[PDB]
Structures are given as structure tokens and as C-alpha cells.
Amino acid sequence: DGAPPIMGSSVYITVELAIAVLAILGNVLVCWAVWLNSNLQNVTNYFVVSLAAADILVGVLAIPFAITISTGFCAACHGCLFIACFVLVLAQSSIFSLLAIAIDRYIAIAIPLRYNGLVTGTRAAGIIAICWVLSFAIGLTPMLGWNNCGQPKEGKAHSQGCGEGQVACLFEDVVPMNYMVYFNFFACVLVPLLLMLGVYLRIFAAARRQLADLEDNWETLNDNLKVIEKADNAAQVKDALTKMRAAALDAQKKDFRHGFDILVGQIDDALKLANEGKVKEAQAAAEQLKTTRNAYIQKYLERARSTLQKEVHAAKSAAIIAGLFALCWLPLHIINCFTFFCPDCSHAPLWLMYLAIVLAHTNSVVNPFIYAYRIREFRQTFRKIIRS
């Protein structure tokens, strides 16, 4: 009752080739956009390009390799091992790029004053090169001896007419499942993804605190102004002014500096009048602070808030990319856990394996769409490339 295998194979192969074309076209566009637009040439987007390069190689190499290993063709076992393991290199490189992007965004939100001195393009290129070497080491670890080539399935090889030293080339026949679950999934995929989640939680928590701090200093500026107006002695004016002077410097950490120079100076003017017991003169001097607040301080408040909201928006776009990676790759890893941990369970059917593989490959298509829909500089650059 077995339908011809070439029928179901043709559907799987046709879908894979369609995904490969789309993965190449979209991510080549990403690389072409960063190359052309200097506004897109930053450390964050160098890891984006490294991530796009991995997705280009999914369509050029990993998908042709996946098509090849689905046939079970006769091959030298270590040759079969290489084409089976190469996708692990690309997946690992993607994980390193995703983790670097999250860390890069955390440095920008937590220590922006020393970000440009710490995170440079030259150091980013060196990190990218190191992560690619580690991705080959991790993904090709089975070629170092942790494989099933020492125990070939000779009955399957003889039935397919394979020569001596050859095996029917199938992923689960050469790559050990304990490597795939413990080493690749748990250690090399799950742990970095959980680290990324922790980094993004710290990014959004840091942004929420900084936006709260901005609003607290703005309220303290306006509350103590009311305290001075309804004060009854010079000591009460002095108490409210001392809190404003420290909060003004706390919020200060050309037109920006001039606005705060006026503010602290006007606070000092009113403070000197308060220390001399001149309540009415100190209150009138403190009323001049409202002119500085409307013309300078509120504009800084708004611009600083706008910058934080743009960093939140960019961190969400990056987190969506990392989340979609997890969504597309987790089914394959969960299936391997069932194969490995439940030998009394029937193996997941072949059609489900193909579907899980196609889903993982589709992740190499989605990133250019996230950039186009969420990052205006990419979207506008994409339009210029396509129109021209």
C-alpha cells in the first residue's frame, strides 16, 4: 500500500527549492541595503548581515544538502556526515548572531555614554569571525568522532546496493541522537535562547526604569515649584530649591547645555535670596524657572523620552527575530526529544519530519520581512534598490 516515494519526495523537494530561492533573494537584499546605506552601517547591522549570510547559505547549501540526504543515496559515511551536519553550523552561527544583537542592544540601553567606545566595528568583525569558527566546531563535532559511522546499518546499505564503506545517507543514521538532544539542543540551542530571553528582559526593564526616572524628575521639578509658591518662610523656599538643584543636575546627566545652565543659575539666584530671608524676592525669582522649563527643559524631556521609545521599538523588533527563530526550530528539536527519550513511542512520521524541516528552513525567509515592516531605514532602502 506504499505510494511511489518520488511523489511525496517531489512535493518536499519543490517546496524546499521555493524556500531556497526566497531565502537567497530576501537576504541578499538585506546585505545590499547595508552595503549601500551608511545610515544602516552600524555594529548592530553587522550581526544582521552575518545572520543574513547564514540564511543565504541555507538556500545555497543547506537546502540542497537536505534534499540530497532525503534520498538515502549511497555515500561514504563521513561524507554523508558532513552534508548532514552543515546545517548545524548555520543554525549555530544564527544563534551567535542573535545573542550578539541582544547584548549589543543591552549595552546601548544600559550604558549609552560608553557604547561607542566599547562596541566598535573592528571588534564586531572580530567577534563575527570567532563565532563562525565556533559554529563550525560545534556543528561539525560529529566529524570529530561522535557519530554512528562505526556502527553502520549494513542491512540497509546492502539492500540499496551500496559499496564497501558506504551507507544509505540518512540524517538519523549517521548523527547520534544523544548529540542532537544533549549537546546540540540543550547546551548549544536552548541555553543561548534562554540567555537571550534574560537579556531582553533586562533591556525592557532598564527602559521602563529610565522612562520612570525621566517622569519622576519632571514631577519633582513641578511639585517643588508649587511648594515655593505657597511657602510661608524663606526656609521652606530653601528646602524646595535645594531639591530642585540636585534634580536639575541629575536630569542633566549646545541648546541642551544652555537650557540647564539657565535652570541651575536661576535656582542659585533664588537660593541666595532665600538664604538672605527675602521670601517674596526668592518666590518671584523661582517663577522665572517656568520660562526655562517651557522653552528648554520640556523639550529635553520629550526628546529623551522619544529616544527611549525608539530603543524599545528596536529591541522588540530584534526580540521578534529571536522568537521566530525559536518557533521555527523548536518542533525539530522536540521531535528529536520524543525519538530519543521515548523509545516506546512510534517515530514521528516522515511527512511530519519533512514539515518540521521545511518550517526550520522558512525561518531563513522571514527576517527581511521583519526588517521591512518594522525598520523604516531598511524599508526605504529596500524600495530604492527595487525601484532602481
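For clarity, a rigid core is taken as the largest C-alpha set superposing within 1.5 Å between two forms. The first residue of the shown sequence is 1; numbering continues from there.
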Query raised in the report: Core-aligned, which moves more in 7 other deposited structures of this protein: 228-236 or 136-144, by CA RMS?
Result: 228-236
**Report entry** Sequence continuity check, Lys253 and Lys254 (deposited residues unmodelled)
**Finding:** 10 or more
Requested in this report: Taking the mean of the C-alpha B-factors per stretch from the entry, tell me the winner out of 103-111 and 142-150.
Outcome: 103-111
Report summary line: Higher of the two mean Cα B-factors (24-32, 355-363; per PDB record) comes from 24-32
Report task. Name the residue from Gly198, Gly126, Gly277, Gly72 with the greatest C-alpha temperature factor listed in the entry. Result -> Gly277
Report summary line: Among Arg202, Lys156, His78, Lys238, highest Cα B-factor in the entry goes to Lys238
Requested in this report: Report the third (lowest, middle or highest) to which the CA temperature factor of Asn184 belongs, ranking only the modelled residues of the same chain.
Outcome: lowest
Query raised in the report: In terms of the CA temperature factor given in the entry, to which third of its chain does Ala84 belong: lowest, middle or highest?
Result: lowest
Query raised in the report: Going by the entry, which third of its chain does the Cα temperature factor of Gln166 land in?
Result: middle
Query raised in the report: Which third of the chain holds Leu134 when residues are ordered by C-alpha B factor: lowest, middle or highest?
Result: lowest
Query raised in the report: Comparing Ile262 with the other modelled residues of its chain, is its CA B-factor in the lowest, middle or highest third?
Result: highest
